[PDB]
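Protein chains in written order, with the entry's author numbering: chain A, 1980 to 2027; chain M, 153 to 371, 375 to 455; chain S, 2 to 108, 123 to 253.
Positions of the beta carbon are idealized from the N, C-alpha and C atoms, including for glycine.
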Amino acid sequence: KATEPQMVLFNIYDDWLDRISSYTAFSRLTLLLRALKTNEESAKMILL
Amino acid sequence: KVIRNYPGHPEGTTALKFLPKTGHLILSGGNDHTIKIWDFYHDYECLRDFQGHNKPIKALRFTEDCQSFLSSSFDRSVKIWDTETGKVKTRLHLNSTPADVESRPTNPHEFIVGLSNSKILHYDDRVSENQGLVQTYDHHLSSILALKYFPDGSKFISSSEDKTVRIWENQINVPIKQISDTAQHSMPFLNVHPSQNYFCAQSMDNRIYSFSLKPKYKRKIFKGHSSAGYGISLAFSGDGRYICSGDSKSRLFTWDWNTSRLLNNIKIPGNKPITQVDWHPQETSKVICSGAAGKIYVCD
Amino acid sequence: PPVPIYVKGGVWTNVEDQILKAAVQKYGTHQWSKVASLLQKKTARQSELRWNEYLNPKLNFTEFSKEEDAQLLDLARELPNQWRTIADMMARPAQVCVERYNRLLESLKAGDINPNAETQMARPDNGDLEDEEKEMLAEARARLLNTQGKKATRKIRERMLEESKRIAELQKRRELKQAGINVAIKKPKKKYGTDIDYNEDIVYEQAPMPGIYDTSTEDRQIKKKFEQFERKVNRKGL
RNA sequence: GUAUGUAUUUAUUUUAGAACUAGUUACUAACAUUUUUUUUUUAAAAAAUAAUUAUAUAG
RNA sequence: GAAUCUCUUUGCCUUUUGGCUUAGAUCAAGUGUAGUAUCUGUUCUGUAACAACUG
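This is how it looks when you write it as structure tokens:
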């Protein structure tokens, strides 16, 4: 949707750093992104 | 055959439309710098006129909630009219003269404007950070002609002078579908059939082609009329079995959508041609045609 | 996505014979690679063999006359097993000559490669078709259709696009004429300094070198007729 | 990837049909980076071997 | 004898192949993703008459 070259900030560990320490949060994000790079619709339906 | 006529506009009518669901009152923006409402019942006179722009009026649309509608004109400007009180909510001034405007079904605040410098401006009523301009589109090469939003509210269509058709998602600025052929011609009018499995376009080679509204958009042919000069509207029955078009020779043509057979061919008083042809969805078998003659004809 | 056919010698079917005939009619005898590209599973040399040995109408496939048959026994006696020379002496294909010689002197497994496949009879086809043969005839009709170059096809496209561009350019003028603002038509621009506009002047006007007779009243009658036509096109519009 | 071509007007000149559905072919696209030598039986048996790659292509 | 309309052979050919050389030369076995093309299958088929006014 962007109409202008810009820097946008996100926090990719959503709220995990309260209850979950950071290293398991990175490996969780590894599992999710490997799923979305592997099958891309089965995993997107698994979240949804 | 025609029943009754309205004292429409000196020097011609350039756009007229109905209310989309109920249709109890119609409007036309005219060549003599005026936009007027009429009732389709109980009086047959003019409920509410208003002076609009300084130049003649090019196009009109509707927000689907119908409290307000759109206006676009040859003075390089677009305005939004409250159809009840009559006051203006936004006035907007452009670079080039605007060819066509359209409003979103889901929200009244999104609308798209397509200019004659091959750009589609996508403004917004609510946000006022950059004069409402959310996004502009620039994949067309030449001055675009007509643009018609989907009834579903997600994607929309545009046509242009450079003999191609593009389909966009709502604010992506990437055409997901390019309908382009070698022997194609440009179409000054688009419309979507009420069954929503097809949208059809009135092409410049005096025909009407029809494409899918489902994915893998692909191309029946409605012929028997001469409309190469001017660029003429087309409407559909409120059941979805009839398509009706105008002509350069002051007669309208009604085809059966189910078989593409020309059923009837009714002429209209006035030497001048007829462009805007609109159907009443509630009351069946009722059309209204009008053109450069200026009067507003209610055909059966 | 087709796996590669490295050895393309097969059995000539009906489809490939007919595509070879309708390819030789258009492409001609001496371009063989362009013929054999049209029909897959065969080679340019095997297309040449299938023409020069079997599909050619000049070739002589009849029964042998008695003088012909005695000529064959005598020539096969004089020239020991030189069958191209003998078949040249008889104006008949050499395979016909060899098989008829075997018939005179008389009185294939599966999984073998047949070398003589171009000289042998065709195989008629099953009733519907195979899928690859549908694809073959589709691309063969598509390649036998086209007779144009790149420049000429682009010229077709450019003429259609300039035509529709003129139509849009007149459409906007007619709309502004209805509005009451008369935009005159702009002219195309000159690509060089002495490029000629053809409404300004009669460009290389040659007068008809007058004779003995008198042409004043006929001049006046023509001038009247042309002025009246221009006025009628101005008012009513042709 | 070049060559080469095409598009970019404002300072106003007097008045037979309807619906549902998915893969097979071609062609195109400066757009994108899962080892070696065997043996043997009819999956199991043997033997073996060694601090890590280019932004470079045009008629 | 002669004109009008209409059909056969006979003439006419009237959209009726516009250079050269070493046939000018070479070769048509790549994966994904994407665009374009086409191709199979299934189901369903208000009008008339009478009484009154002519504004």
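Check	Outcome
Counting along the chain, where does the alpha helix (DSSP H) carrying S:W84 start and finish?	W84 to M91
With a cut-off of 8 Å on the beta carbons, I'd call M:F377 and M:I360 a contact; round off their distance for me.	4 Å
Which same chain residues end up closer than 8 Å to A:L2015 when comparing Cβ atoms and leaving out the 5 residues on each side of it in sequence?	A2022 and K2023
Spatial neighbours of M:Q287 within its chain, please: C-beta separation below 7 Å, excluding the five flanking residues on both sides.	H274, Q323 and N325
Give every residue of the same chain whose Cβ lies closer than 8 Å to the Cβ of M:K153, excluding the five residues on either side of it in the sequence, and list them in chain order.	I421, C454 and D455
Using a C-beta to C-beta distance shorter than 7 Å, which residues of chain M count as neighbours of S:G29?	Going along chain M, no residue has its Cβ under 7 Å from S:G29, so there is no contact; the nearest lies around 29 Å.
Answer yes or no: does any C-beta atom of chain S fall closer than 8 Å to that of M:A211?	no
S:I182 versus chain M: which residues are under 9 Å apart at the beta carbon?	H337, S338, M356, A383 and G384
Give me the Cα-Cα distance between M:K366 and M:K231, rounded to the nearest whole angstrom.	33 Å
Please work out which residues of its chain come closer than 7 Å, Cβ to Cβ, to M:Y301, disregarding the five sequence neighbours upstream and downstream, and give them in chain order.	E254, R256, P257 and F308
Could you tell me which residues DSSP puts in a beta bridge with M:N420?	M:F408
Return no unless some Cβ of chain M is closer than 8 Å to the Cβ of S:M224.	no
So who's on the other strand from M:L267, going by DSSP bridges?	M:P250
Which residues does DSSP pair with M:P327 in a beta bridge?	M:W320
Along chain S, which residues have their Cβ under 8 Å away from the Cβ of M:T414?	In chain order: nothing, as chain S lies at least about 29 Å away.
Which residues in chain M have a C-beta closer than 7 Å to the C-beta of A:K2016? List them in chain order.	What A:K2016 touches in chain M: nothing, since even the nearest Cβ is about 22 Å away.
Among the candidates M:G266, M:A335 and M:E216, whose CA atom is the shortest distance from the CA of M:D234?	M:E216
By alpha-carbon positions, which one of M:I272, M:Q354, M:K271 and M:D276 ends up nearest to M:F263?	M:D276
Inspect the beta-carbon positions of residue 116 of chain S and S:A153 and report whether they are closer than 8 Å.	As shown, the structure holds no coordinates for residue 116 of chain S; chain S passes over it, running from 108 to 123.
Taking Cβ to Cβ, would you say M:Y193 is nearer than 8 Å to M:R156?	no
Is A:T1982 close to chain M, meaning its C-beta is less than 8 Å from at least one C-beta of that chain?	yes
To the nearest whole angstrom, what separates the beta carbons of M:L177 and M:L199, a pair I think is in contact under 8 Å?	7 Å
Quick check on the DSSP output: the beta strand (DSSP E) that includes M:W190 runs from which residue to which?	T186 to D191
One question on the structure: do M:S268 and M:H292 come within less than 8 Å of each other, judged by their Cβ atoms?	no
For the beta strand (DSSP E) that M:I178 lies in, which residues bound it at each end?	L177 to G182
From the DSSP output, which residues share a beta bridge with M:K169?	M:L179
Does DSSP classify M:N157 as helix, strand or coil?	strand
May I ask you to verify whether the region 129-137 of chain S touches the region 4-22 of chain S, counting CB pairs closer than 8 Å and requiring at least 3?	yes
Should M:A447 be flagged as near chain S, meaning a C-beta pair shorter than 8 Å?	yes
From M:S332, M:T439 and M:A251, pick the residue whose C-alpha is nearest to that of M:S224; which is it?	M:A251
Give me the Cβ distance between M:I451 and M:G175, rounded to the nearest whole Å; I'm assuming they're in contact under 8 Å.	Not really, about 15 Å apart at Cβ, beyond 8 Å.
Please determine whether the Cβ atom of M:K173 lies at a distance below 7 Å from any heavy atom of the ligand ZN.	The ligand ZN is not part of this structure, which contains no ligands at all.
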